[PDB]
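Have a look at the structure below, then the notes.
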Number of protein chains: 2
Amino acid sequence: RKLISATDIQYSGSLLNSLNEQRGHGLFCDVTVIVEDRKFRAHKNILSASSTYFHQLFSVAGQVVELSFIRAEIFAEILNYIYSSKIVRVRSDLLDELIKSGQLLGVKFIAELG
Amino acid sequence: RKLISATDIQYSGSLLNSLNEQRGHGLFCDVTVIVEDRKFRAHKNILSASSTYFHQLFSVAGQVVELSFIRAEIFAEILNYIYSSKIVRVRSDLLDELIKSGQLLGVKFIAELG
């Protein structure tokens, strides 16, 4: 008569990495985000969960969203984070800009790097 | 002239928890799994990433999958893990059974509790 609990310390990382690979190939991706003229394919369940702006958007029909006021390479970073929990070796000047796009999109961790 | 990296230690947990809540309400869920006569709503991107059996299934059309040889309450646990990275206070006798369903579904961490 006993209870067992187990935690998979590596789960989160492998999941996220599989999910990031999925979006690299468009696997299971149900939305396309267009920034400047670059198109990012992605998963609504992930963006909704992690972004208050996308949370708002995806409570209604929509397969395409067009964003302004944010550069493609900056948005690329927001996604990389959304799909890894990390920003990695970002250059110090792009930071202020990155922080702002996090603010616009409601990605708390990016918004609050300052 | 400098590079910045940041890691969000809490990201994985919040993401997973938001995702688990989503499936509790069927939000963004694109598959239904029927075990015994219980129906579980879920996300293909998550199950594909985490289960080799579902990975196989979801490379083709299909909105419903019917499983046999696995009890509902046992499958419920596999999902809870898939959506938390943890099994929590599982009773010791159900374990052997849980391990087997992990084997059938190809959920490495569950398969390898022995």
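No Cβ is skipped: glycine too gets one built from the backbone with ideal geometry, and neighbour counts run over all protein chains shown. Read-outs throughout are calculated quantities, based only on the coordinates presented, and are distinct from any laboratory measurement.
Shortest first and in nm with one decimal, please list how far the A:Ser5 label point sits from its counterparts in the other copies (point 7 Å along Cα→Cβ).
Taking the point 7 Å beyond Cα along Cα→Cβ, the inter-copy spacings are 3.1 nm.
If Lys and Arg each add +1 and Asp and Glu each add -1, what is the summed charge of the other residues whose beta carbon sits under 13 Å from the beta carbon of A:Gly114?
Net charge around A:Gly114: -1.
With contacts defined as alpha carbon pairs under 8 Å and 6 or more residues apart, what's the relative contact order of chain A in percent?
Reported relative contact order: 22 percent.
Quick check for chain B: number of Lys pairs with alpha-carbon distance under 19 Å, counting only pairs 8 or more apart or on different chains?
4
Taking A:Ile34 in one copy and the same position in all the others, each labelled 7 Å out along Cα→Cβ, what are the pairwise distances from the first, in nm, shortest first?
So the distances to the same position in the other copies read 4.0 nm.
Could you run the Karplus curve 6.51 cos²θ - 1.76 cosθ + 1.60 with θ = phi - 60° over segment B:38-46 and give me ³J(HN,Hα) per residue in whole Hz, x for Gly and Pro?
Here the 3J(HN,Hα) series is 8, 10, 10, 8, 7, 10, 3, 5, 6 Hz.
For the protein assembly as shown, what are the per-bin percents of Cα-Cα distances with bins 5 Å wide, up to the bin holding the maximum?
The distribution over the protein assembly as shown is 1, 6, 14, 18, 18, 15, 11, 8, 6, 3, 1, 0, 0, given as percents.
Using the beta-carbon distance between A:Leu104 and B:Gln63 and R0 = 41 Å, what value does 1/(1 + (r/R0)^6) give for FRET efficiency, to the nearest 0.05?
Calculated value: 0.70.
Averaged over every viewing direction, what's the projected area of the C-alpha convex hull for chain A? Give it in nm², one decimal, please.
Quarter of the Cα hull surface area: 9.5 nm².
Count the net charge of all other residues whose Cβ sits under 11 Å from the Cβ of A:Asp93, scoring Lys and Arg as +1 and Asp and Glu as -1.
+1
Taking the Cβ of each residue in B:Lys86, B:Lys44 as the centre, tally the other Cβ atoms inside 10 Å and list the residues starting with the fewest.
B:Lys86, B:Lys44
Please compute the net charge surrounding A:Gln63, taking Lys and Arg as +1 and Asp and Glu as -1 over other residues with Cβ under 14 Å from its Cβ.
For residues surrounding A:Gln63, the net value is 0.
Taking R0 as 30 Å, what FRET efficiency do you get between B:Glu97 and B:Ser18 from their Cβ-Cβ distance, rounded to the nearest 0.05?
Efficiency computed from Cβ-Cβ geometry: 0.50.
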